[PDB]
Structures are given as C-alpha cells and as structure tokens.
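First, one chain by itself in structure tokens, the form deposited in one PDB entry.
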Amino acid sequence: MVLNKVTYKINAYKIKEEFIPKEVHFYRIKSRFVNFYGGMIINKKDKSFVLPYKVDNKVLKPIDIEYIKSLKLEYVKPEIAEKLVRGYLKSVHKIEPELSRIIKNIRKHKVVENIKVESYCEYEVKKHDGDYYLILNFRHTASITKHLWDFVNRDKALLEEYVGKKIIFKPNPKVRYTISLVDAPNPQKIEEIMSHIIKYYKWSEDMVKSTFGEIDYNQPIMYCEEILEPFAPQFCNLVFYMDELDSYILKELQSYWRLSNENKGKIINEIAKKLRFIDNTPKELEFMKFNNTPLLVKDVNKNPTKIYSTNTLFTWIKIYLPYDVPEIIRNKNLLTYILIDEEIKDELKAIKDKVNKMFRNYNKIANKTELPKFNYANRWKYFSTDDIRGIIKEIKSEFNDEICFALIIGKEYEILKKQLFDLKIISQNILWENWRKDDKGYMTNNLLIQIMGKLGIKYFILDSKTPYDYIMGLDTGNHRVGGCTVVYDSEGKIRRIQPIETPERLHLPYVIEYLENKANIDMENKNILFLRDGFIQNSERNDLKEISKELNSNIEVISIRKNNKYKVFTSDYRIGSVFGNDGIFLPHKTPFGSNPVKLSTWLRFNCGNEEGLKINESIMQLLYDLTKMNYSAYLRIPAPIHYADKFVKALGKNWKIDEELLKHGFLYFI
C-alpha cells in the first residue's frame, strides 16, 4: 500500500465561484467554428450551439440566431460544462490577453545573437467535485528579435519575398500566422492595430513606443492566411522550426527552456498567484505506482526466462536467445553491404575491427539460435554525405532479389535509408564519431536490438498475457492510403503492420471492416483494444454497435494524447492517476524534465452494447507494459501506437509498402 501510492501536485487550480457561470443558453443559426464567443457546437441542418451567457439581441459580429432553451451548468455534461467555463473565462473575462502580461513579467525574454525566446500560456478547464479547475501550463517560442519591417530594410518589394513564411504578432507569441498578401499603406489600419494592443492587450502608450519605436504610418498593410484582420510588419516577427536553428544557438538557448518538473512548478505557481480568477495552491492527486513487469527472452537451452530490462540483452562476456524468428529470415546467410563515408575512409582499419567484432560476437548467439547470419566478404563500399544519388546509382545496378541488409557508416540520413529499401535492402546507419567512443559497447548492444526489430525478429515478449486477443495501434493521415494499424498479440508481440486504403476520410468502423474483409485478420468472437490519438464522432457510435454485434467481438477504443496541458510536480516516474475522467500517464524518467500522456474516451462495444469505461489501474498497467516493448534501442507512448505514428510519417517520406515484410512485422521504416 505504502510502496504502491504517492501523492503529488498537478497543474490544476480551483476557479473562484465569482467566475463560474450558473446558467447556459442554447441557440441555433436561424439565418464555421464560432469559438470566439466561447460556445460548444452540435451540428444539424442549421448549426446548433450553447453559450455560457445570453445574447439579448439574437445577433452579433451579422449572424441572426434563434433561442432554444436555458439550463443550469450543473445539469450539462462535464465535458461540455468544462469547455463552457473556459469559453466564459476566454470571451467574457478575457483570461487570454491577461495571461500574456502575467507571463512576460514572470518569464522575461532570452536573447542569443539574432534570435529571441519568449514564453506563452496554455490553459484548459476541468470539473472534479462539482468545482472547476484551470490546467495552467506554459511553452516557448523563438523568433527573429528585429521586427519584419526593419528586417526587410523598410522595402516593400523585399517584404513581398516573405509571403508564405511564418510570423508572430509581437503581443501574441502563441499564434504563428502565415503571410499571404502585402498591399498599400493605410494610416487608419495602423491606428486600428495600435488601439488593439492598448484595448485588448492593455499595453501602455509608453510600452508601444518602447518596443516598436517611432511608428511608421507609411508602412505597408499585410494580410495573413489564418485570419481576416490587417497586419503591419513593424508589429510582426519571423518565426521558424526549432530544428532549423544553428546547433551553436540551440545549445545556448537550452538553459532557458530546460527546467525540472519541480522548478517548472514554481513558475506555474508564480503565474497562478497573479491570476485573480483561480486559487494559489496546486491540486494534490493520488497516483498509483506501476509494477515493473518482467520481459520474456529465451534461455541457452531455448526455455523462456525473465529479464527486467533490455540493457543486459546483449552483454555476452547471462546469455539470452530470441523468442521468435520469422519464417523467411530463419537460419539464412544474408547478403550484406558495409557503406562507409569517404571522409572517414582514412580510419577504415579501425572501422573494419569495430563491425567484425560486433558480427563475430553476434555469431556466438547466431549459431545455436536459428538467427540469420551476415555475409560481407568483399562488400565494403564508399559514399558521400553531400553526394546524394551516387551511392544508390551503383546500388540499383546490383542484382539483389532476396532480402538484404546494409550497415551505413557515416561522418554526420532518412533520405538514403528510403532509397536503399527500394531494392529490398534493410538498413541501419551509424555515425562513426559516436561508435568510435563506445564505452563498453553500449551502442553496439543497442544496434543489435534495432537491426533485429528491423528484421521482424521478436527477441523479447511480455511476462503477462493481456485479456485482449489484439492490441491495435491506429493512426490516420500518395499511395491511396489514409492510415494504418499495428496489431500486437496477447503477449505484446508484433503480428502485423497493416496499411489502410481510403474509399474520402478514414474512420474506425471502416478500419474494423477493412481489417476483416480486405486484410484477412480474424476479428470475430475476439477481444480487441484500439489505441488512437483522435476522437470518435457521435455519428460513428450507432455504426460501431452494429459491427460489434455482427462480429460478436468485444471492441474497445481509448484516446492516447501525447500533446496535452498536464504537468506533475515530481522527478518521479512509473506513476499514473485520474483527474476529470483523464488519465495522467507518466511512465518514463527524463534527465531534463518529463511530460505526462493524457488518456480519455475509453469506450466498449460488446456484441452490440455501447458502454463508457472509467480509466482503471488495469489499463494504465497494460499501457505501461507496452511502453517497454521498445525494439529501437523506455517509450513515452505504448509501442502499438508509437510504431503506427512512425509508419504514417514514413509514408509521407515516400517509403515502399513491402506487404510481405509488413505481414511478418518487420520495422524497416524506423
């Protein structure tokens, strides 16, 4: 009991009763996402919505609406009620431009060379014991310090080249807008923007003059793609992707971002005290501690054996063998090539010894296992990092028919691994600089796991059988494909990576049917769990009841959201809890402060029976056990959904869909 439970602070703060609406008002369009007024849309022939206040004149902008009914907040469903409290706070109390001025005062900016780093507030609203809590969090944005108008050297013809690039409006660093149009100067429109900074953002006239300087009224007026309002380059700043930054700058900026969960909690509590709408103390929540379940490998004599971590999996010098080897690859000698960077060709003698030792040790396992061996006699080849197509130009000219492997030794890519696969060649690249500095073979061991997962080998499985016959990871996103499912068995072992062809938007009922009809996987009289990032439409509900009755299967679905607003004020890991019907899942440890996973909308369809399930200790354990099924060298999100995400991203990167290998669970796309 003592070792099983821990109480920790979460980023939830009770909203004061003065700011909670007692009545909601229903309306419908008598004459798009009208989120501006803080509503909740329920579509029909004429769209219908709810507001956290009454619109006395049934019109505002000109859209003419019609009154339906009035209901008390306590009577409406918590999910909607929470969204209406946020809307009331956003639209009536204007929390958004207030949270902006609070953060600037707490989290000041950070300047490194030409770039500046700001912070912005994220917020959600959650219902607990009849009260409402504000989930308050903060993130960061990096922009060009020097504003757009001065950046283009006050030249309109130059500014026109920036059309289609991402910018931020200085007082609002959260929203990254896209420039679309650049037109003639309007001093009236500049005074409109200037008044907005004083009226909405509440900035003093001195603050306008301090940050923007002497306002140029002869400035061009520009328009963005995402909103119909005018923009002026003196008030805007260029934004970019974090990865696009020069390594030298990224390392320097790090210090400002990198904060421990406890240290970050201190800033949220600092921000919470200033916000007049909520209470100053964060919410105390009871968390379960997940049991660190063992894994199952094979003994020297091929018997199942328990191992708690994969860090000892390939520490030969006690000896573990693979649990499963696919029908194709079993006891084969693979035609293997070793592609080396021409820059590091002056160190090949040492590079030969590194790979030869690794495979020489791999062979000690490979001889009494029925594992595939590796053949690289005179197959040592050279390539260039900026060379591009030259390496594959010579590779295409080869006669490879059978599945083959390639180890890529460079000097510091996704492009080469994609082009190499087109000749049925599985590849795992290596950066020599890191492999040369391998302390006690840590990388060498992590390599063997990756190359095996790539070769459909199931080395280790779970020491526990789940009640589900199938755990399916689903993701929906150039090949007439719109998504895929990754199917795992009862022991957490990969079975299939199955792409889904669109008939058109891809939904769950169609996916279940495609799997039965076109994918040849038995989904009748079984216990299926679907893990997805998205949410099921109310219209899909009656259709899901139908399919589950017909198949006679227990079909479940749970939403697993990596990007959420929660944060736990602990350095601890392997913990889980529920707040406002949401699973706060924190499986992993991070040397630079972790972020929880949100778990919601757990539905069940048992032979024509829709039922809503509350987030258990059971599934949270199950979902944790799945984060341990890491074949690529644990995971934040469960393995089924993680590998589905990876496959969908590969499709966008124009990767070959080799069905034969996908059918046997070869993770070549990783």
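Numbers for residues come from their place in the sequence shown, where the first is 1. Each form is matched to the other, and the largest set of C-alpha atoms that superpose within 1.5 Å is called the rigid core.
Here the subject shifts to the form deposited in another entry, a form of this protein not shown in this document.
No residue in 148, 555, 487, 448 other than 148 shows a CA shift of 2 angstroms or more between this form and the one not shown after fitting the rigid core. With the core held fixed, residue 583 shows a CA shift below 2 Å between this form and the one not shown. The rigid-core alignment places the CA of residue 72 2 Å or more apart between this form and the one not shown. The Cα position of residue 468 differs by less than 2 Å between this form and the one not shown after fitting on the rigid core. A shift of at least 3 angstroms brings the Cα atoms of residue 241 and residue 639 nearer to each other in the other entry than in the displayed structure. Relative to the shown form, the CA atoms of residue 279 and residue 202 are pushed 3 Å or more farther apart in the other entry.
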